[PDB]
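> Submitted below is the structure of interest, expressed as structure tokens.
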Amino acid sequence: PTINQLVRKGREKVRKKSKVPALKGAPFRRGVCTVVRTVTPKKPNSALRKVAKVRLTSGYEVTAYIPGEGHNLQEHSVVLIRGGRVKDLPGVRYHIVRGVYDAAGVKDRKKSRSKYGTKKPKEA
Amino acid sequence: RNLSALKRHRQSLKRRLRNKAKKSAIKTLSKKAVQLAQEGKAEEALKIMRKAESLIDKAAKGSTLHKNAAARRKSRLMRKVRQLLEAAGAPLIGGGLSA
Amino acid sequence: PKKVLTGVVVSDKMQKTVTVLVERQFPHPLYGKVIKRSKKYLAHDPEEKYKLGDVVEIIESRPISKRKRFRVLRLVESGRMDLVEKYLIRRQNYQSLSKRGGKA
Amino acid sequence: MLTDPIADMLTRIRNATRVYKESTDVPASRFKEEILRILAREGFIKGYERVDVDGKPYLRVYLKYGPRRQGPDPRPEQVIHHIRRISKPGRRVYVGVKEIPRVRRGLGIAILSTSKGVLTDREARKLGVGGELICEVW
Amino acid sequence: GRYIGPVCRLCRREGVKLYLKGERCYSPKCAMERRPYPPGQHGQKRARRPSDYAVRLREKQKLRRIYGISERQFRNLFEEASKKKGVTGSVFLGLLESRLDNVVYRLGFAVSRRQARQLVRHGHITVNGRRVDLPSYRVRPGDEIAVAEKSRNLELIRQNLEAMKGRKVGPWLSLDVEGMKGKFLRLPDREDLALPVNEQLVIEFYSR
Amino acid sequence: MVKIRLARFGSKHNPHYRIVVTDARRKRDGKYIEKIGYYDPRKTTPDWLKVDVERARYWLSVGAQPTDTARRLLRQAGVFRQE
RNA sequence: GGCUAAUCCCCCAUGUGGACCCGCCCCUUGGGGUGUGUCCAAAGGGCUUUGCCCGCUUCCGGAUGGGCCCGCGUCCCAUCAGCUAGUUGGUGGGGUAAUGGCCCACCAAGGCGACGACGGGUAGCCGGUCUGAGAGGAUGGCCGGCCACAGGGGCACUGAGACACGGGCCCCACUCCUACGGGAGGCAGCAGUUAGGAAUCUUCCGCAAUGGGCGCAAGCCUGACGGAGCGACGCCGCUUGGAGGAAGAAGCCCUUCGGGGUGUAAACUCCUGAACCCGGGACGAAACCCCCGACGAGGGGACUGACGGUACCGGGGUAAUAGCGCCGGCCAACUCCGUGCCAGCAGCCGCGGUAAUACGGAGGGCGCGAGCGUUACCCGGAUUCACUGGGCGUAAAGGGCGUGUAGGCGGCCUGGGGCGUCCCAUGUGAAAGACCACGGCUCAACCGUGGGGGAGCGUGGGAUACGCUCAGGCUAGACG
Ligand SMILES: [Zn+2]
């Protein structure tokens, strides 16, 4: 484009679309569960994943992923969300903070404790 | 929950009245001196203007008339007079008028 | 220093007041070429002397009317409509390019 | 229409050397001459003289090259390796003295045009002036 | 947590002898003696070609681990070494060698670096007359780094200086054993350092 | 009524003042008119007070009541010594 | 309803002077001089009481602080294109400190818009700050400057100043008292309460310091402020030890079963000695005041700390926290077992269907260390909005073609002007920050002090190639 063009028109600055509607730029947000399914993977990988419906304080109905060898999230349990889409699980843009609220941390974890919300197992 | 920092209001009233009785004083006298020049009372017109010019500068002495405020007042009255007295020349006294 | 500008009287419909077209040139803040912008300042002619197509100098003055903070200083060059025409045609073109109705 | 004279000049020069001409004609002018004064003065070109080209005044710019290379394709190191109008019409770029650019770690040059004369970077900086930065040659 | 753990494990990972214990890292055993292979189950295994980062990495580490400083301070030094006029690398080393603790090492008042820090944090080190317990203290040139009057009669320091009759002191430093003192003459130059490092690799590392 | 006073600039327990000239109505830590020397309570340096009387006298001349403490410092400077 | 003082108020005289009209002289928008006429002043109190202090009045000047006004700069949408009736201008009048449609009356028909009017959306602005090689992008809390509101809207009073967060009048919504007529309230001050939320503190100390109001002063007020407390929320400093110590214990892992590994690691040897204990114990603070001296200068005397018995010095003194991420590639770190497209990991590519360096534990290893990870968000990588620094035959991209409007851009020589443009001098560009240097607190974080730099704009001076402009001349473009 000619320098004149660049003047009459100017350069269009690229706008960023937030892959996260947690309304606020809040890192987390609480919500009560509704339905807790077992969605099936995408194309390559197959298995049975644990997922949950969560109604947020911001007022958005979303699908959150629950990590760990298995949880204990009942029908109307309160939980916490951090966000991180799951490649092979479509529509799942968020995640659950394990260990906060009425959501528990995995049992028998002896590794990546920082995540999963377990606790330092007192050796003996 | 009382505050002795309301006496100011308790006092503002006294001044409100105060200023009021002075300004309205002017307004009236000016509006009196003015109607006189219409009829052509070259004697008493200046007799009243004088009572005006006095009141005015007296309000500037206090807090009533801002300062330059008084000045406007004076210019607006004398100029309004003289022009009228063109309908019937000759100022008898020559009080509030230099010539 | 009271600002002084130079321009052309483009409007002569007003009482004692004249519209002045004032052209300004300057390098663009990022693209560097010299862009030429402009503005109309309402001047103030007491004696109704300055006429259309006259180039005058403007000088910052005591406020006079809402939007008329300049008095006319002197005349620069009388007799130059060529400039005014430009102002006029651009105005005319403005009658077009809308959503009322286009024709020929 | 010819829109930019100098660019056409510079560009006649580039386009020549590339095909290795002994000389190249170019319409003449009291400025294009001043620029060419430098190219010779610096050493990018042998030189130039006024020539009557069909009644019209031209400048024969005498190109310069390097020696014949060895191995294959002995096309001689070009003396004028690079040359381009910096400032173009509709985008004139003027520069302050503190702002005159160093070229090729100082190896090339920069031809400006000051209120004091058509200059090189070195000369410009020496004179304490700056202006219309004409072109980069190196 | 300013480290403190298994030491000649690092003498091992780097392949270069790291004088971290003074005596002993001289007796058939800084471990590098007779066991140069790195730690772990995989020490005796064939080592694949180290990626560019890899080499830059270990070369940074070798330096850091030598003075035994927390990356946090190491980084900070490098940062401030870049704001100074001079060679972004040699100037680094300069400051590094300007540390109170380190100086006590070179001055010989301590068996090793580690031992030097303690000597300071327990206050056995005078500086221009006043004690000092902060090792991160940067010694300026022409400072009288000494020993605590109180600490002169020490079973340790005493046995150390006795060794200094025979060893030459860093060219940029002076010391009066007879009086357990010593000065900092000037910032030592790269040509005056013996380190087995390659500054360039350390600098390169910080531009990723 | 423009005064001449101090201004905090040290830090928590490290008070370092600024003898300055400014309108009464402004803050302590506010935009001053013309700084004229500094004062350090603790006096960590041999050079713990400076004034430049030349300017200090300008102001008082013009009309600028200084502080009780401020005046004190100016006196040490020799702002008023008519010998 | 009645009394009564005053530095409250009002009258009268004096007038240095000052105000207004009118005239003139100078200037030059409402600046200054001047003449006649007219109008305007004022409080007293205290002592060391025949003089000194405080306060009072008019006027010119100063200083500081501020009103109004102008040039330039100032986000996104054109799926917002025409907007405007006090609206634009004029005369007179009002009103103000004062210019002004600010307001009113009459007159006129204007004023703005693609150089984006109007409409919508969003957002206090800046010094600075984050990032970035830079340009640029992002930001504007803490500190500083400017602005705006002080439950929502309206209004004015008093005053140097307010349209006035803890003053007032009215309406509205809410909450509370109520004899149901009628009232009382405004923490966006400090602390705190509750609600909302992922999430943000003590109803602390002190008025010693610095500042501020009032006071002749003693002094009073001062949740301004100086301090403490709580939060690993950040940063910086500090520790959990140092030296010796096997061809190498045990246990745990690996094995080609011979051995390797954890590992100088431990144990054990000695040395030092945070914590902890006793003692001493702070600068910050010297004034106002008082005395001498002349309530001047100069000099002498007194009082007075929240922090805090804290920092800090002396002496003695125990070996005395470690965790978290990661180990398929990017990316430093590899084995066994469990498992078997399951359970699960996962930023991306992907991993897992009986041989998994990618799941889960374990040994081992790497990285960092009172921290480590995670998610969110900004800049960066991204020259992937491209000024620097991009593109359009087929990758996404030439308008279906022409016409020509506004605009952009434009040939050779000569001269004038010198607007752009370049050089010089000068004012400005507060402070804090950044930078360099010196110093302060055992270091550093933090802080002080000094130096240097700068774009932008104002004024003055200069240059004239190149752009612009005016003039004159040409013929190579164009046209005939
Ligand atoms: Zn060793």
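Just remember, in the structure tokens the first chain shown is A, the second B, etc., residues are 1-based per chain, and ligands are 1-based in the order shown.
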Show me which residues are within 9 Å of ligand 1 counting only C-alpha atoms (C1' of nucleotides) and all ligand atoms, and format the list as a ChimeraX atom specification.
/E:7-12,17-26,29-32
> Mind dumping the selected residues with C-alpha atoms as an mmCIF file, in the first residue's frame?

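Result file follows (result.cif):
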```
data_model
loop_
_atom_site.group_PDB
_atom_site.id
_atom_site.type_symbol
_atom_site.label_atom_id
_atom_site.label_comp_id
_atom_site.auth_asym_id
_atom_site.auth_seq_id
_atom_site.Cartn_x
_atom_site.Cartn_y
_atom_site.Cartn_z
ATOM 1 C CA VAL E 7 29.249 -31.596 47.424
ATOM 2 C CA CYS E 8 31.686 -33.791 45.415
ATOM 3 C CA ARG E 9 28.465 -34.833 43.464
ATOM 4 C CA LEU E 10 28.933 -31.660 41.451
ATOM 5 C CA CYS E 11 32.885 -32.108 41.376
ATOM 6 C CA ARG E 12 31.356 -35.232 39.389
ATOM 7 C CA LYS E 17 37.584 -30.920 39.391
ATOM 8 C CA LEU E 18 35.730 -28.452 41.656
ATOM 9 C CA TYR E 19 37.683 -27.278 44.593
ATOM 10 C CA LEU E 20 34.868 -27.350 47.059
ATOM 11 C CA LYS E 21 36.517 -28.977 50.005
ATOM 12 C CA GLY E 22 40.066 -27.637 50.115
ATOM 13 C CA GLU E 23 41.977 -30.433 51.871
ATOM 14 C CA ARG E 24 40.739 -33.839 50.669
ATOM 15 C CA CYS E 25 39.846 -32.516 47.195
ATOM 16 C CA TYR E 26 43.628 -33.058 46.916
ATOM 17 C CA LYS E 29 39.333 -38.744 46.506
ATOM 18 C CA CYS E 30 37.634 -35.280 45.399
ATOM 19 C CA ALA E 31 35.959 -38.272 43.818
ATOM 20 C CA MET E 32 37.035 -37.143 40.398
#
```
> Give me, as a count of residues only, the residues of chain C touching chain A, with the criterion being at most 10 Å (counting only C-alpha atoms).
7
> Using only C-alpha atoms (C1' of nucleotides) and a cut-off of 8 Å, which residues of chain A sit close to chain G? Please list them as a PyMOL selection string.
chain A and resi 4+11-14+25-30+45-47+68-69+82-83+86-87+110+112+114-115
> Could the residues in this selection be written to a file with N, CA, C and O atoms, as a CSV table (one decimal), in the first residue's frame?

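Output (part14.csv):
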```
chain,number,residue,atom,x,y,z
A,4,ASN,N,0.7,7.0,1.0
A,4,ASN,CA,-0.5,7.8,1.1
A,4,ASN,C,-1.6,6.9,1.6
A,4,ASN,O,-2.3,7.2,2.5
A,11,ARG,N,-3.0,1.2,9.5
A,11,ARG,CA,-2.9,-0.2,9.8
A,11,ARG,C,-3.9,-0.8,10.8
A,11,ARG,O,-3.9,-0.3,12.0
A,12,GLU,N,-4.7,-1.8,10.5
A,12,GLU,CA,-5.6,-2.4,11.4
A,12,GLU,C,-4.9,-3.3,12.4
A,12,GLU,O,-4.4,-4.4,12.1
A,13,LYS,N,-5.0,-2.9,13.7
A,13,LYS,CA,-4.4,-3.6,14.8
A,13,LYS,C,-5.3,-4.9,15.1
A,13,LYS,O,-6.5,-4.8,15.3
A,14,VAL,N,-4.6,-6.0,15.2
A,14,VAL,CA,-5.2,-7.3,15.5
A,14,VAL,C,-5.8,-7.3,17.0
A,14,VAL,O,-5.0,-7.1,17.9
A,25,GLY,N,-11.3,-11.3,34.5
A,25,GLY,CA,-10.0,-11.8,34.2
A,25,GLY,C,-9.6,-12.6,35.4
A,25,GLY,O,-8.4,-12.7,35.7
A,26,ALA,N,-10.6,-13.0,36.2
A,26,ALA,CA,-10.4,-13.8,37.4
A,26,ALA,C,-9.8,-15.1,36.9
A,26,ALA,O,-10.1,-15.6,35.9
A,27,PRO,N,-8.8,-15.5,37.6
A,27,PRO,CA,-8.0,-16.8,37.3
A,27,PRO,C,-8.9,-18.0,37.6
A,27,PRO,O,-8.8,-19.0,36.9
A,28,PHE,N,-9.7,-17.9,38.6
A,28,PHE,CA,-10.6,-18.9,39.0
A,28,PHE,C,-12.0,-18.3,39.2
A,28,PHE,O,-12.2,-17.1,39.3
A,29,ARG,N,-13.0,-19.2,39.4
A,29,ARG,CA,-14.3,-18.8,39.8
A,29,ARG,C,-15.0,-20.1,40.2
A,29,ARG,O,-14.8,-21.2,39.7
A,30,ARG,N,-15.8,-19.9,41.3
A,30,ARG,CA,-16.6,-21.0,41.9
A,30,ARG,C,-17.9,-21.3,41.1
A,30,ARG,O,-18.4,-20.4,40.5
A,45,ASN,N,-7.6,-40.9,20.2
A,45,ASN,CA,-7.7,-41.6,21.4
A,45,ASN,C,-9.2,-41.8,21.8
A,45,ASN,O,-10.1,-41.1,21.3
A,46,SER,N,-9.4,-43.0,22.5
A,46,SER,CA,-10.7,-43.4,23.0
A,46,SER,C,-10.5,-43.9,24.4
A,46,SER,O,-9.5,-44.4,24.8
A,47,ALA,N,-11.6,-43.7,25.2
A,47,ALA,CA,-11.6,-44.1,26.6
A,47,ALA,C,-12.9,-43.5,27.1
A,47,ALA,O,-13.8,-43.2,26.4
A,68,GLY,N,-7.4,-36.6,37.6
A,68,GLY,CA,-7.1,-37.5,38.7
A,68,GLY,C,-7.7,-38.9,38.3
A,68,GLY,O,-8.5,-39.0,37.5
A,69,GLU,N,-7.2,-39.9,39.0
A,69,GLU,CA,-7.6,-41.2,38.8
A,69,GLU,C,-9.1,-41.5,39.1
A,69,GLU,O,-9.6,-42.6,38.9
A,82,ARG,N,-10.2,-23.4,36.9
A,82,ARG,CA,-8.9,-22.8,36.6
A,82,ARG,C,-8.8,-22.5,35.1
A,82,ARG,O,-8.1,-21.6,34.6
A,83,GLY,N,-9.4,-23.4,34.3
A,83,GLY,CA,-9.3,-23.2,32.8
A,83,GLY,C,-8.1,-23.7,32.1
A,83,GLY,O,-6.9,-23.5,32.5
A,86,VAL,N,-9.1,-29.0,26.6
A,86,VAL,CA,-8.6,-30.3,26.5
A,86,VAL,C,-8.7,-30.6,25.0
A,86,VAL,O,-9.7,-30.7,24.4
A,87,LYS,N,-7.5,-30.9,24.4
A,87,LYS,CA,-7.4,-31.1,23.0
A,87,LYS,C,-8.5,-32.1,22.5
A,87,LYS,O,-9.3,-31.6,21.7
A,110,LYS,N,1.6,-39.8,44.8
A,110,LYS,CA,2.9,-39.6,45.4
A,110,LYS,C,3.8,-38.9,44.5
A,110,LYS,O,5.0,-39.0,44.6
A,112,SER,N,3.1,-35.4,41.4
A,112,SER,CA,2.7,-34.1,41.1
A,112,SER,C,1.7,-33.7,42.1
A,112,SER,O,0.5,-33.6,41.8
A,114,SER,N,1.7,-30.7,44.0
A,114,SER,CA,1.4,-29.3,43.8
A,114,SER,C,0.0,-29.2,43.1
A,114,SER,O,-0.9,-28.5,43.6
A,115,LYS,N,-0.2,-30.0,42.1
A,115,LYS,CA,-1.4,-30.0,41.3
A,115,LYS,C,-2.2,-31.2,41.9
A,115,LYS,O,-1.5,-32.1,42.4
```
> Neighbouring residues of segment 141-148 of chain E were defined as those with any atom within 12 Å, considering only C-alpha atoms (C1' of nucleotides); residues of the same chain fewer than 2 positions away were excluded. Please report them as a PyMOL selection string.
chain E and resi 94-95+97-110+116+119-120+122-133+137-139+150-154+157-158+161+172-188
> Of the candidates C:27, C:13, C:96, C:8, which shows the shortest atom-to-atom distance to chain D, using only C-alpha atoms?
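Distance minimum relative to chain D lands on C:27.
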> Just the residues within 10 Å of residue 16 of chain B, please, counting only C-alpha atoms (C1' of nucleotides), with nothing from its chain fewer than 3 positions along; format it as a ChimeraX atom specification.
/B:11-13,19-21,64 /G:157-158
> Write the residues of the selection above to a file with N, CA, C and O atoms (P, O5', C5', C4', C3', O3' and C1' of nucleotides), as a PDB file, in the first residue's frame.

```
ATOM      1  N   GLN B  11     -25.037  31.957  61.502  1.00  0.00           N
ATOM      2  CA  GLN B  11     -24.650  33.325  61.211  1.00  0.00           C
ATOM      3  C   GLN B  11     -24.929  33.742  59.805  1.00  0.00           C
ATOM      4  O   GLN B  11     -25.247  34.904  59.574  1.00  0.00           O
ATOM      5  N   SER B  12     -24.766  32.826  58.855  1.00  0.00           N
ATOM      6  CA  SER B  12     -25.004  33.160  57.450  1.00  0.00           C
ATOM      7  C   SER B  12     -26.361  33.850  57.283  1.00  0.00           C
ATOM      8  O   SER B  12     -26.481  34.836  56.549  1.00  0.00           O
ATOM      9  N   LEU B  13     -27.343  33.383  58.057  1.00  0.00           N
ATOM     10  CA  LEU B  13     -28.681  33.924  58.022  1.00  0.00           C
ATOM     11  C   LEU B  13     -28.606  35.407  58.293  1.00  0.00           C
ATOM     12  O   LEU B  13     -29.082  36.211  57.489  1.00  0.00           O
ATOM     13  N   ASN B  19     -27.024  41.601  53.765  1.00  0.00           N
ATOM     14  CA  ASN B  19     -26.714  42.004  52.413  1.00  0.00           C
ATOM     15  C   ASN B  19     -27.981  42.419  51.700  1.00  0.00           C
ATOM     16  O   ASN B  19     -28.067  43.533  51.187  1.00  0.00           O
ATOM     17  N   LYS B  20     -29.004  41.571  51.821  1.00  0.00           N
ATOM     18  CA  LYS B  20     -30.306  41.769  51.176  1.00  0.00           C
ATOM     19  C   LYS B  20     -30.924  43.148  51.335  1.00  0.00           C
ATOM     20  O   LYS B  20     -31.360  43.772  50.366  1.00  0.00           O
ATOM     21  N   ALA B  21     -30.967  43.612  52.571  1.00  0.00           N
ATOM     22  CA  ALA B  21     -31.549  44.908  52.858  1.00  0.00           C
ATOM     23  C   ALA B  21     -30.732  46.037  52.261  1.00  0.00           C
ATOM     24  O   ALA B  21     -31.197  47.177  52.183  1.00  0.00           O
ATOM     25  N   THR B  64     -20.821  42.981  50.825  1.00  0.00           N
ATOM     26  CA  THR B  64     -22.002  43.015  49.963  1.00  0.00           C
ATOM     27  C   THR B  64     -21.661  43.147  48.484  1.00  0.00           C
ATOM     28  O   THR B  64     -22.106  42.351  47.662  1.00  0.00           O
TER      29      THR B  64
ATOM     30  P     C G 157     -26.775  33.552  45.805  1.00  0.00           P
ATOM     31  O5'   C G 157     -26.686  33.188  47.362  1.00  0.00           O
ATOM     32  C5'   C G 157     -27.785  33.466  48.228  1.00  0.00           C
ATOM     33  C4'   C G 157     -27.424  33.180  49.658  1.00  0.00           C
ATOM     34  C3'   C G 157     -26.130  33.805  50.129  1.00  0.00           C
ATOM     35  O3'   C G 157     -26.490  35.056  50.701  1.00  0.00           O
ATOM     36  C1'   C G 157     -26.245  31.507  50.753  1.00  0.00           C
ATOM     37  P     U G 158     -25.473  36.298  50.646  1.00  0.00           P
ATOM     38  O5'   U G 158     -24.293  35.822  51.600  1.00  0.00           O
ATOM     39  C5'   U G 158     -24.555  35.621  52.957  1.00  0.00           C
ATOM     40  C4'   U G 158     -23.402  34.950  53.610  1.00  0.00           C
ATOM     41  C3'   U G 158     -22.061  35.459  53.190  1.00  0.00           C
ATOM     42  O3'   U G 158     -21.852  36.596  53.956  1.00  0.00           O
ATOM     43  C1'   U G 158     -22.012  33.117  53.258  1.00  0.00           C
TER      44        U G 158
END
```
> Atom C1' of residue 36 of chain G to atom CA of residue 93 of chain B: how many Å, to one decimal?
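Atom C1' of residue 36 of chain G sits 13.5 Å away from atom CA of residue 93 of chain B.
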> If you run DSSP on the backbone, which residues of chain C are strand (DSSP E), as a VMD selection string?
chain C and resid 4 to 11 19 to 27 34 to 42 55 to 60 70 to 77
> Can you check which residues of chain G have any atom within 12 Å of chain D? Use only C-alpha atoms (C1' of nucleotides) and format it as JSON, numbers by chain.
{"G": [387, 408, 409, 410, 411, 412, 413, 414, 418, 420, 421, 422, 423, 424, 462, 463, 464, 465, 466, 467, 474, 475, 476, 477, 478]}
> So that I can check the surroundings of segment 68-75 of chain D, please list as an MDAnalysis selection string every protein, DNA and RNA residue that reaches within 12 Å of it, counting only C-alpha atoms (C1' of nucleotides) and ignoring chain neighbours fewer than 3 positions away.
chainID D and resid 17:20 65 78:79
> I need the chain G residues near chain F as JSON, numbers by chain; criterion: at most 7 Å, counting only C-alpha atoms (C1' of nucleotides).
{"G": [62, 63, 64, 210, 211, 283, 284, 287, 288, 297, 431, 440, 447]}
> Can you check which residues of chain F DSSP gives as helix (DSSP H, G or I) on the backbone and send them as a ChimeraX atom specification?
/F:53-62,68-77
> Keeping only C-alpha atoms, take the residues you just selected and write them out as a PDB file, in the first residue's frame.

```
ATOM      1  CA  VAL F  53      21.501  31.938  51.893  1.00  0.00           C
ATOM      2  CA  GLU F  54      21.485  34.050  48.719  1.00  0.00           C
ATOM      3  CA  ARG F  55      18.080  32.558  47.826  1.00  0.00           C
ATOM      4  CA  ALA F  56      16.900  32.046  51.378  1.00  0.00           C
ATOM      5  CA  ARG F  57      17.095  35.835  51.900  1.00  0.00           C
ATOM      6  CA  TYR F  58      15.194  36.434  48.659  1.00  0.00           C
ATOM      7  CA  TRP F  59      12.094  34.869  50.021  1.00  0.00           C
ATOM      8  CA  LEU F  60      11.985  36.246  53.551  1.00  0.00           C
ATOM      9  CA  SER F  61      12.528  39.517  51.745  1.00  0.00           C
ATOM     10  CA  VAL F  62       9.457  38.822  49.625  1.00  0.00           C
ATOM     11  CA  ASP F  68       9.896  27.059  63.895  1.00  0.00           C
ATOM     12  CA  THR F  69      12.169  24.144  63.084  1.00  0.00           C
ATOM     13  CA  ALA F  70      12.973  25.530  59.607  1.00  0.00           C
ATOM     14  CA  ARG F  71      14.100  28.918  60.898  1.00  0.00           C
ATOM     15  CA  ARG F  72      16.366  27.029  63.322  1.00  0.00           C
ATOM     16  CA  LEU F  73      18.198  25.399  60.481  1.00  0.00           C
ATOM     17  CA  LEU F  74      18.423  28.641  58.530  1.00  0.00           C
ATOM     18  CA  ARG F  75      19.945  30.260  61.588  1.00  0.00           C
ATOM     19  CA  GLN F  76      22.739  27.680  61.665  1.00  0.00           C
ATOM     20  CA  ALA F  77      23.409  28.434  58.025  1.00  0.00           C
TER      21      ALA F  77
END
```
> Which polymer residues have any atom within 9 Å of an atom of residue 116 of chain A, counting only C-alpha atoms (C1' of nucleotides), with same-chain residues fewer than 3 positions away left out, as a tab-separated table (two decimals) with C-alpha atoms, in the first residue's frame?

```tsv
chain	number	residue	atom	x	y	z
A	67	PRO	CA	-8.39	-34.75	36.45
A	68	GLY	CA	-7.14	-37.50	38.67
A	97	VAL	CA	-9.12	-27.08	40.99
A	98	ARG	CA	-8.84	-30.26	42.96
A	99	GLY	CA	-8.64	-29.76	46.70
A	104	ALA	CA	-11.32	-33.45	46.98
A	105	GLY	CA	-7.74	-34.22	46.15
A	106	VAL	CA	-6.77	-37.60	44.73
A	109	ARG	CA	-0.82	-39.60	44.90
A	112	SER	CA	2.75	-34.06	41.14
A	113	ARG	CA	1.10	-33.09	44.37
```
> So the first atom is atom CA of residue 10 of chain C and the second is atom CA of residue 9 of chain A; what is the distance between them in Å, to one decimal place?
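Distance reported for this atom pair: 28.6 Å.
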> Which distance in Å separates atom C1' of residue 276 of chain G and atom CA of residue 118 of chain E, to one decimal?
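Computed distance, atom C1' of residue 276 of chain G to atom CA of residue 118 of chain E, equals 19.7 Å.
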> What lies within 9 Å of residue 52 of chain A using only C-alpha atoms (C1' of nucleotides), ignoring chain neighbours under 2 positions off, as a PDB file with N, CA and C atoms, in the first residue's frame?

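Output file result_0.pdb is given in full below:
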```
ATOM      1  N   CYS A  33     -22.025 -27.823  40.625  1.00  0.00           N
ATOM      2  CA  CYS A  33     -22.174 -28.825  39.574  1.00  0.00           C
ATOM      3  C   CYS A  33     -23.640 -29.104  39.263  1.00  0.00           C
ATOM      4  N   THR A  34     -23.919 -29.626  38.077  1.00  0.00           N
ATOM      5  CA  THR A  34     -25.292 -29.946  37.739  1.00  0.00           C
ATOM      6  C   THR A  34     -25.284 -31.374  37.290  1.00  0.00           C
ATOM      7  N   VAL A  35     -24.717 -31.614  36.109  1.00  0.00           N
ATOM      8  CA  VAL A  35     -24.632 -32.969  35.591  1.00  0.00           C
ATOM      9  C   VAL A  35     -23.172 -33.395  35.474  1.00  0.00           C
ATOM     10  N   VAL A  36     -22.848 -34.603  35.949  1.00  0.00           N
ATOM     11  CA  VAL A  36     -21.485 -35.139  35.894  1.00  0.00           C
ATOM     12  C   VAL A  36     -21.400 -36.333  34.943  1.00  0.00           C
ATOM     13  N   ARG A  37     -21.059 -36.108  33.681  1.00  0.00           N
ATOM     14  CA  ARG A  37     -20.994 -37.204  32.705  1.00  0.00           C
ATOM     15  C   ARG A  37     -19.683 -37.980  32.590  1.00  0.00           C
ATOM     16  N   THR A  38     -19.525 -38.576  31.414  1.00  0.00           N
ATOM     17  CA  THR A  38     -18.380 -39.376  31.055  1.00  0.00           C
ATOM     18  C   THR A  38     -18.359 -39.257  29.555  1.00  0.00           C
ATOM     19  N   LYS A  50     -14.025 -38.180  32.710  1.00  0.00           N
ATOM     20  CA  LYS A  50     -14.922 -37.596  33.718  1.00  0.00           C
ATOM     21  C   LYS A  50     -15.058 -36.070  33.561  1.00  0.00           C
ATOM     22  N   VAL A  54     -21.093 -27.037  35.236  1.00  0.00           N
ATOM     23  CA  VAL A  54     -20.945 -26.103  36.343  1.00  0.00           C
ATOM     24  C   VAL A  54     -21.575 -24.764  36.058  1.00  0.00           C
ATOM     25  N   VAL A  62     -21.139 -24.016  32.080  1.00  0.00           N
ATOM     26  CA  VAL A  62     -20.005 -24.607  31.351  1.00  0.00           C
ATOM     27  C   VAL A  62     -19.645 -26.044  31.669  1.00  0.00           C
ATOM     28  N   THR A  63     -18.761 -26.595  30.838  1.00  0.00           N
ATOM     29  CA  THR A  63     -18.308 -27.976  30.960  1.00  0.00           C
ATOM     30  C   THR A  63     -16.872 -27.945  31.396  1.00  0.00           C
ATOM     31  N   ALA A  64     -16.623 -28.451  32.602  1.00  0.00           N
ATOM     32  CA  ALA A  64     -15.298 -28.478  33.227  1.00  0.00           C
ATOM     33  C   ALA A  64     -14.701 -29.858  33.285  1.00  0.00           C
ATOM     34  N   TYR A  65     -13.382 -29.948  33.132  1.00  0.00           N
ATOM     35  CA  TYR A  65     -12.715 -31.241  33.182  1.00  0.00           C
ATOM     36  C   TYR A  65     -12.192 -31.537  34.560  1.00  0.00           C
ATOM     37  N   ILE A  66     -12.323 -32.801  34.935  1.00  0.00           N
ATOM     38  CA  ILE A  66     -11.909 -33.279  36.237  1.00  0.00           C
ATOM     39  C   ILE A  66     -10.817 -34.310  36.063  1.00  0.00           C
ATOM     40  N   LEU A  73     -17.212 -36.120  42.887  1.00  0.00           N
ATOM     41  CA  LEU A  73     -18.053 -34.966  42.647  1.00  0.00           C
ATOM     42  C   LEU A  73     -19.500 -35.321  42.391  1.00  0.00           C
TER      43      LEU A  73
END
```
> I need the chain C residues near chain G as a short mmCIF file (atom, residue, chain, number, x, y, z; two decimals) with C-alpha atoms, in the first residue's frame; criterion: at most 7 Å, counting only C-alpha atoms (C1' of nucleotides).

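Contents of out_6.cif, as written:
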```
data_model
loop_
_atom_site.label_atom_id
_atom_site.label_comp_id
_atom_site.auth_asym_id
_atom_site.auth_seq_id
_atom_site.Cartn_x
_atom_site.Cartn_y
_atom_site.Cartn_z
CA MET C 14 -22.44 36.61 8.37
CA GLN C 15 -22.74 39.92 10.14
CA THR C 17 -17.92 37.82 11.04
CA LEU C 30 4.55 7.72 12.02
CA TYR C 31 4.37 7.62 8.25
CA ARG C 37 -4.68 19.44 7.21
CA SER C 38 -6.77 22.63 7.79
CA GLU C 60 -5.72 35.71 18.73
CA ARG C 62 -10.39 38.63 23.39
CA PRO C 63 -13.30 36.22 23.13
CA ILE C 64 -16.17 37.69 21.20
CA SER C 65 -18.85 35.17 20.52
CA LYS C 66 -19.22 31.51 21.14
CA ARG C 90 -15.55 19.72 -1.79
CA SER C 98 -25.39 9.22 1.50
#
```
